[PDB]
Structures are given as structure tokens and as C-alpha cells.
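Notes follow the structure.
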Amino acid sequence: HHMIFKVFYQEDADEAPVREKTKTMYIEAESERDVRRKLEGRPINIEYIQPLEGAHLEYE
């Protein structure tokens with residue numbers, strides 16, 4: 001039951017307090033938890049994860 005997710009995230013990278021632009025990322029995963037797993041260790045802060053029904057990437 002894998003699908004595509006829209007990740008609303010802000011760049012942490014890393015410390016130096018500024019107003020950040022909320023960015024978006026489209027990523028394949030098994031679930032929301034799997035998204036967080038895939039992106040842990042990357043210098044970003046996830047605001048919200050959105051499942052995208054009927055969504056696809058180029059090479060599946």
C-alpha cells in the first residue's frame with residue numbers, strides 16, 4: 001500500500017534564527033511514519049504530511 005506524499009517542510013539547516021519559507025516535497029513511502037523515517041537526519045522540519053491519492057512519480 002505504497003503511495004506518494006506531499007511534505008510541507010521548513011528548512012532547519014541548521015541554526016541561525018530567520019523566517020523560513022515553507023517548502024514542499026513529493027516523496028514515495030509506505031505511510032506517514034515511513035516518510036518521517038526517510039527524512040530523519042536531513043536538516044529540515046516537517047510541518048505537515050499529506051497523502052496524495054492517485055498520485056505518481058515518473059519511474060515507478
Side-chain angles (χ1 to χ4, degrees):
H1 50 283
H2 71 269
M3 64 185 66
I4 312 305
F5 291 84
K6 187 182 187 177
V7 183
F8 296 84
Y9 75 99
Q10 282 193 338
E11 212 111 53
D12 174 78
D14 66 328
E15 303 181 312
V18 303
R19 51 160 91 127
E20 247 83 31
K21 285 175 56 52
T22 301
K23 302 187 180 186
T24 52
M25 171 184 298
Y26 302 86
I27 177 168
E28 180 276 345
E30 263 181 302
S31 63
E32 190 159 321
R33 160 168 173 167
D34 204 46
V35 179
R36 296 194 178 271
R37 187 188 63 74
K38 285 168 148 61
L39 295 175
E40 82 192 343
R42 297 174 65 166
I44 55 173
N45 291 323
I46 305 171
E47 297 192 338
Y48 186 67
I49 302 179
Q50 178 190 1
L52 300 179
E53 289 69 22
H56 294 267
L57 297 171
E58 186 174 2
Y59 294 88
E60 293 185 339

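These numbers come from the heavy atoms of this one structure, side chains and all, not from hydrogens, waters or symmetry mates. Residue numbers start at 1 and run along the sequence shown.
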Can you tell me how far the CG atom of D34 sits from the CD1 atom of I49, to the nearest 0.5 Å? 10.0 Å

What are the two closest non-hydrogen atoms of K6 and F8, and how far apart are they? CE-CZ, 3.4 Å

Derivation of the side-chain contact (heavy atoms from CB on, under 4.5 Å) call for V35 and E30: CA-CA 8 Å; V35 179; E30 263 181 302; over 6 Å; no

Going by the side-chain contact (heavy atoms from CB on, under 4.5 Å) test, name the single residue among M3, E60, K38 that passes it with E28. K38

Of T24, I27, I44, which meets side-chain contact (heavy atoms from CB on, under 4.5 Å) against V7? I27

In Å and rounded to the nearest 0.5 Å, what is the CD to OG1 distance from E47 to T22? 3.5 Å

Do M25 and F5 belong together in a cluster built from hydrophobic side chains that touch within less than 4.5 Å? yes

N45 backbone acceptor or donor facing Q10 side chain under 3.5 Å: no

When hydrophobic residues are tied together by side-chain contacts of less than 4.5 Å, even through go-betweens, does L39 share a cluster with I4? no

